[PDB]
Peer 1: 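Starting off with a structure, shown below.
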Amino acid sequence: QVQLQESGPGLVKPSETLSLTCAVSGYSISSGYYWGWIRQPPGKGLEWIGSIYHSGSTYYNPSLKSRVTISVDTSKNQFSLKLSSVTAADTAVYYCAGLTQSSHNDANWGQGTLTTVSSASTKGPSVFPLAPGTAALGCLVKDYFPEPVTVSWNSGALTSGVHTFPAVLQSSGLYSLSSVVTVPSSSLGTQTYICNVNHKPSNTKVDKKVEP
Amino acid sequence: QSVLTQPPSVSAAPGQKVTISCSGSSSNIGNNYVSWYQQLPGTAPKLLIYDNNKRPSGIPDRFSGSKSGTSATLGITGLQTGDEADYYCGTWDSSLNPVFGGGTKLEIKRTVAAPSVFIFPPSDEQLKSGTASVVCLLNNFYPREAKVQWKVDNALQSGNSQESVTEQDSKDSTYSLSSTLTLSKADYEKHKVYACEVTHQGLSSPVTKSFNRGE
C-alpha cells in the first residue's frame, strides 16, 4: 500500500527553522502528481501550507510563502518542508500528503507529526504505576515536554478496556498523562500488565510493569 | 486557519441520520468542488466525498454529499458508534488553493450510564522522588457532564487538581475521565484520608472512593 511517514515529533525554538521530511513507500516520488503539507493547530481545523507538483512547480499559502520551502529528494524517495523563523503560532500537527496520479481522486496522507514551537526544553517522562469482579490499573506518565507520548499495553496485545487520556499542562510547564485499563480481578495474579510508553521527542521509551 | 463555517457539533442516536453543513462564499464553494473528510481521534483526515458528491473506493453509501450555491452538506445515515469523529469540508479558494472548514464533532446519543469510580494512591516510587499524585478514574459514563470533588482530611480541595476526558468510546459511546490531585511529599504525609467524590446524572447520590495513607 502507498504509505507516507513524517519525521518524528518534537520541539523547535522561536526564530529557528522547522524542518520535516515525508518518506514515501510503495510509490516512486518522481511519479506523484503533487506532494504537499497541511497543518492542524491544537484544537483547530486544517490549514494548507503548500504543494509541489510533478513538474517541480510550487505553490504556497500566501500568508506563509516567504517562510516556506518544499522540495523533493528522489534518492531518498522523500519530500520536505522547511518553515523559517517560527513562532508559537506555528505549533501544530503537520501532515504530509500527496496524490499519486492526476486521474486519481483520493490523496494519501501521512500520520501527522506534532511540532511545538517553544522556549521550553525537551524533557523525558517519569512513568509510575497506578496499581490495581473488574479491577482498574494504569500508568501515570509525568513531567514531560513537548507533547506527545503514546501508550500501548502488553506490546499491543491488550486494547479492550484501555483508555489513554489527553495530557494536561501542569503549572510547571510540563505535561502529565494517565492511561488505564480495566481487566478481570482474577487475572491480577496471573496476567502481567505492562504499559509501553514512548516520548519520541526525547527518544525515551519505557516498559513499566504494573503489579497489584 | 479555517475559512469555511461548520457547526461545532451535531448529535443523533445510532441508526439515525445527521447532516453537517459547510457555508462559504461565491469565490470558494460557489465556484469550486467540495470535499469532506472524517478525522477519527488521533488519526489523519480520511476522504469521504470529493467533487461534491462522489465517494472514493471503500467509503460506504451511508455517506453522501451535495452542494447548492455557496453551501455544501454531508449526510451520514444509519449512524454507528464508529462514526464518532470530527468532520471537515474542504474546497478551493479564488486562487485555486485548498481551504477548509473548522470541523464539526459528531456525538452519538446513548442511554445514561453511571461511571465506575476508582482511586489510586501515589506510588512508592513517585513518593521516593518527593511528589504525590493521587488519581481518581471515572470509567465509561454518559452523558459527559460529571463533577469530581477531592477532599483531604475532609478539606475540600479547590484549584489543586486537573482533569481530562477521553473522546467518546468507538464501541459503547461512553466517556471516561481522569483527575489528578497533586501534593508535595511533605504535605501528603501530613494527612490521612484521601477521597474522590463523584456526582453524575447516572448516580442517585454521589459516590465517594477513599483511602487512608499508608493503610
Side-chain angles (χ1 to χ4, degrees), chain A residues 9 111-112 114 124-142 144 147-168 175-200 202-212, chain B residues 40-44 80-85 108 110 113-126 133-142 163-180 196 209:
Chain A
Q111 96 271 339
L114 179 67
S126 292
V127 181
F128 302 121
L130 297 171
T134 306
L137 61 111
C139 282
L140 176 67
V141 181
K142 191 169 178 275
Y144 64 89
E147 289 199 272
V149 296
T150 55
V151 186
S152 57
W153 287 89
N154 288 358
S155 289
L158 172 58
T159 55
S160 185
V162 175
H163 297 300
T164 298
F165 290 91
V168 294
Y175 288 97
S176 182
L177 168 149
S178 66
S179 179
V180 303
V181 64
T182 56
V183 298
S185 279
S186 71
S187 78
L188 296 178
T190 56
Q191 170 65 63
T192 293
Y193 288 107
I194 296 177
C195 67
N196 320 106
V197 180
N198 192 356
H199 183 235
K200 291 176 172 174
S202 69
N203 299 300
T204 301
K205 293 198 293 184
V206 176
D207 291 330
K208 177 70 175 187
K209 181 169 178 189
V210 179
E211 2 212 34
Chain B
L40 301 169
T43 68
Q80 300 179 1
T81 61
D83 300 330
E84 293 155 9
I108 296 302
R110 62 149 289 159
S116 310
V117 185
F118 302 89
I119 190 174
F120 296 96
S123 66
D124 287 338
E125 188 182 20
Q126 184 187 17
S133 302
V134 192
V135 174
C136 183
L137 170 65
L138 281 62
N139 216 32
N140 286 49
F141 62 88
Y142 184 94
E163 61 180 40
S164 74
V165 184
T166 48
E167 286 310 298
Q168 262 187 133
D169 184 85
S170 60
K171 294 284 168 43
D172 74 7
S173 303
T174 54
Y175 299 90
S176 294
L177 178 154
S178 182
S179 178
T180 299
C196 179
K209 292 293 174 196

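Every heavy atom of this structure was used, including side-chain atoms; hydrogens, water molecules and symmetry mates were not. Naming convention: chains lettered A, B, ... in sequence-line order (proteins, then strands); numbering from 1 in each chain.
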Peer 1: Return the orientation label for the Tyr175(B) and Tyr142(B) ring planes: parallel under 30°, perpendicular over 60°, tilted otherwise.
Peer 2: parallel
Peer 1: Looking only at non-hydrogen atoms, find the nearest pair between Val135(B) and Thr180(B) and report the distance.
Peer 2: CG2-OG1, 3.9 Å
Peer 1: Please table the atom pairs, donor to acceptor, closer than 3.5 Å between any side-chain atom in residues 205-212 of chain A and protein atoms at least two apart or in another chain.
Peer 2:
unit_1    : atom_1 : unit_2    : atom_2 : d
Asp207(A) : OD1    : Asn196(A) : ND2    : 2.9
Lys208(A) : NZ     : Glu125(B) : OE1    : 3.0
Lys209(A) : NZ     : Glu211(A) : OE1    : 3.3

Peer 1: Can you tell me how far the OG atom of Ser170(B) sits from the CD1 atom of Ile108(B), to the nearest 0.5 Å?
Peer 2: 11.5 Å
Peer 1: Between CZ of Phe120(B) and SG of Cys196(B), what distance do you get to the nearest 0.5 Å?
Peer 2: 11.0 Å
Peer 1: Given 3.5 Å as the limit, does a donor-acceptor pair link the side chain of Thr182(A) with the main chain of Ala135(A), or not?
Peer 2: no
Peer 1: For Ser173(B) and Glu84(B), run side chain to side chain contact (heavy atoms under 4.5 Å, CB included): C-alpha distance rounded to whole Å, both residues' side-chain angles, the deciding distance at 0.1 Å, then the answer.
Peer 2: CA-CA 8 Å; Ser173(B) 303; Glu84(B) 293 155 9; 2.8 Å; yes
Peer 1: Where is the tightest heavy-atom contact between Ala113(B) and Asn140(B), given as atom of each residue plus distance?
Peer 2: CB-O, 4.0 Å
Peer 1: Quick check: do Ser179(A) and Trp153(A) have side-chain heavy atoms less than 4.5 Å from each other?
Peer 2: yes
Peer 1: Using every non-hydrogen atom in the two residues, find where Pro184(A) and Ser187(A) come nearest and quote the distance to one decimal.
Peer 2: O-OG, 2.8 Å
Peer 1: Roughly how far, to the nearest 0.5 Å, is the OG atom of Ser176(A) from the NZ atom of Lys142(A)?
Peer 2: 6.0 Å
Peer 1: What closest approach, in Å, do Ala167(A) and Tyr144(A) show between heavy atoms, and which atom pair accounts for it?
Peer 2: CB-OH, 3.3 Å
Peer 1: For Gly124(A) and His199(A), work out which heavy atoms get closest and say how close.
Peer 2: CA-ND1, 3.8 Å
Peer 1: How close do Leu158(A) and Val162(A) get, counting heavy atoms only, and between which atoms?
Peer 2: O-CG2, 3.6 Å
Peer 1: Judged by atom type as modelled, is there a donor-acceptor pair below 3.5 Å linking the side chain of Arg110(B) to the main-chain atoms of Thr174(B)?
Peer 2: no
Peer 1: Could you grab the distance from atom CZ of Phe128(A) to atom OG of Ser123(B), nearest 0.5 Å is fine?
Peer 2: 5.5 Å
Peer 1: Between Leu137(A) and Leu188(A), does a side chain to side chain contact (heavy atoms under 4.5 Å, CB included) hold up when you go through it step by step?
Peer 2: CA-CA 10 Å; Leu137(A) 61 111; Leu188(A) 296 178; 3.9 Å; yes
Peer 1: Judged by modelled atom types alone, do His163(A) and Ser176(B) share a side-chain donor-acceptor pair under 3.5 Å?
Peer 2: yes
Peer 1: Is there a side-chain contact between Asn139(B) and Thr134(A) in this structure, where contact means two heavy atoms from C-beta onward sitting under 4.5 Å apart?
Peer 2: no
Peer 1: Measuring from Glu163(B):CD to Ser178(A):OG, what's the distance to the nearest 0.5 Å?
Peer 2: 11.5 Å
Peer 1: When you measure from the side chain of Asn154(A) to the backbone of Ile194(A), do you find a donor-acceptor pair of N or O atoms at a distance under 3.5 Å?
Peer 2: yes
Peer 1: Just by distance, do the side chain of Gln126(B) and the backbone of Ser133(B) share a donor-acceptor pair under 3.5 Å?
Peer 2: yes
Peer 1: Under 4.5 Å between any side-chain heavy atoms of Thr81(B) and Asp172(B), yes or no?
Peer 2: no
